[PDB]
Structure formats: structure tokens, C-alpha cells
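Heads up, the chain below is alone and in the form deposited in one PDB entry; it's given as C-alpha cells.
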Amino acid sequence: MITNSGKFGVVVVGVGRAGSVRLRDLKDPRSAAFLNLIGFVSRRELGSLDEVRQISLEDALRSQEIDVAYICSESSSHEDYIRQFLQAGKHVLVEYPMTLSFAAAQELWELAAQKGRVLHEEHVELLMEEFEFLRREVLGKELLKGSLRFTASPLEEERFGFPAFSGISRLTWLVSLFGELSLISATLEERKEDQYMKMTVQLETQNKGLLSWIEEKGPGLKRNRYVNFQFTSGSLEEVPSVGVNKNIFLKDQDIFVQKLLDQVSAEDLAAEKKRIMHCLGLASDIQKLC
């Protein structure tokens, strides 16, 4: 029997941790009705991973069954991969940050529109149990001032990007909760021989709220977030973490699938794109100040 598949063929590009997570999730029943895993692209000669076969980049771009590409490689390679797959006519999901350049991101959104493709930048930080807590907390409140600081181990800037881009998830939390922000200042402290660095950014909401965003990295530093929001009615200095954000990436894939099914409103698509570009624009400006 000849049966034309109605499922979208997916190729995962980059099989580091992020790619492995997407491969795992593509096998879950929640991926069965709309997606079909075709294979993966890797710059290494793996041949296959379990029942999943490796496909060369050139063959992936030419493959007519592949309708979607998941770009999961290191951030410095995102721009090129996205451009190649969009040009080849494939829908694209990419883990944040989609690029390390504001102008390049603008180019890619235009290309996606040109080719009639869905371009989706994953932001699981907005799907966190911790963020649901914050959404409810800020509702109906007036922010006077606040700070969000994230500490972690050294991160290869050559491959993962400048701190404002690699840690753009923290900025995304702030913009999603408090709206578009104005950049007041940005400072950068470095000690490469000690692999230490701290980026301090001063921002301002449209309601005159003063926000401090700090990204700190150093040998031995544990991954911890410090939240301190000053409201006119009460204060917040801790966000509970009682769950493990189980299946958070599948939640992101679900959003992407809604886009593939054309079940997302023009207004919703526009609002997300606007926020994404506002954040990338700030990251770009911040890098220039530093």
C-alpha cells in the first residue's frame, strides 16, 4: 500500500547533550502523531545512534522527506545552520540563542518568512515551574527595583557566546515579566587566567523600575540564581523549586508543533517574535558596552 505520510520528518543537527535530549523526546508517544525522526546530522563520524541513522548535511538539505531541522549544536554554529536549512526549505527549531548577532537574527526571520517556514527559538526558561510562580507573583504588582543574578562554571565564549547571549534566558525572564527594557549601563570584569568573569547590567522598565542583571562565572561556582524583587506591596527574595521541570523540552516541542499545525494566532506569533528580537537587541548592545 502506498500511503503518503502526514507527519513532519525531523532531522536533529548536533548530537551533544541538547541534541540527545531532542532525540530522546522524539521517541516519546507525545511525538508520535505529528513527528517522524528521520536521522541526525553530526560533524563527527558516528554512523548511527541506536536505530537512528546519521545523514550528511548535504543529504539532509536535499532530502524531501525531511521537513524540519532541530539545531542543537553550540551557539556559534546556529546562524549558519539555520540559514542553510531555511534556504533549503525546511522549518527550523533552534535552541536559544538563535544567533550571536542582532542583524543576523533579523536576516533569518526575513528568510523564514520568504520561504514560508516556521522559525522557532526555544526558551524553556519561560516554561519552568519557577517561572509560573513568578508570573503569579508579579501579577497586579508594581516593581520598584529588583535584581536577578546567575552564577555558574566557566563557559567557552568562543563556542557558547558572550555572557549576555549565553545567559539570555535570565534577560528573557525579566523582559517577559516586566516588559521591554532600556539599557542604562553594562560592565564586564575578567580574569581569563582564573577563568573568572562578572557582567553587571543596569536596566529600566517602562514604569521606572530599576533592574540589575548579573551573570557571574568562575571555577567551582555552583549553578545558582538569586532573585530579589522589590514591589510597592511586599517583596520577593526566593522562588521555590519543588519539582524537577519534568518534560520541559517536550512542552517546548508542543509549542513548535502548534506552529507547524498553523494553530497559533498571528498576534501570538508577532508578540513572541517581538520579545525575542528585543532581547537579542539588548544582548548585542550590552556586548558593545562591555
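Residue numbers run from 1 along the displayed sequence.
Of the two segments examined, 112-120 and 139-147, it is 139-147 that shows the higher average Cα temperature factor in the deposited entry. When the two stretches 125-133 and 176-184 are set side by side, the higher mean Cα temperature factor goes to 176-184. Sorting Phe40, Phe231, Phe256, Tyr70 by the CA temperature factor given in the entry leaves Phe231 at the top. In the PDB entry, the Cα temperature factor peaks, among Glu74, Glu190, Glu79, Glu95, at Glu190. In this PDB entry, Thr99 carries a Cα temperature factor that places it within the lowest third of its chain's modelled residues. Compared with the other modelled residues of the chain, the Cα B-factor recorded for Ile55 ranks in the middle third.
Split the chain's modelled residues into thirds by C-alpha temperature factor. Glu237 is in the highest one.
Among the modelled residues of its chain, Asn247 has a C-alpha B-factor that falls in the lowest third, as given in the PDB entry. When all modelled residues of the chain are sorted by CA temperature factor, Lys27 is found within the middle third.
Here the subject shifts to the form solved in complex with a small molecule, a form of this protein not shown in this document.
With respect to the small molecule in the deposited bound form, the three residues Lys27, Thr172 and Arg225 uniformly fall beyond 4.5 angstroms at the level of their nearest heavy atom. Contact with the small molecule in the deposited bound form, defined as a heavy atom within 4.5 Å, holds for exactly one of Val92, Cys72, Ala164, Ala105, namely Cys72. Taking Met128, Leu155, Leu144, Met197 one by one, only a single residue has any non-hydrogen atom within 4.5 Å of the small molecule in the deposited bound form, and it is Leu155. Here the chain stands alone, but in the deposited bound form its contact with the small molecule, taken as any heavy atom within 4.5 Å, falls in 64-72 among 64-72, 236-244, 257-265, 27-35. The closest non-hydrogen atom of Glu79 lies beyond 4.5 Å of the small molecule in the deposited bound form.
Taking the partner from the other structure, the small molecule in the deposited bound form has a heavy atom within 4.5 Å of a heavy atom of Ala18. When the small molecule is considered in the deposited bound form, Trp213 lies well away from it, no heavy atom lying within 4.5 Å. Within this chain, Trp109 is remote from the site of the small molecule in the deposited bound form, having no heavy atom within 4.5 Å.
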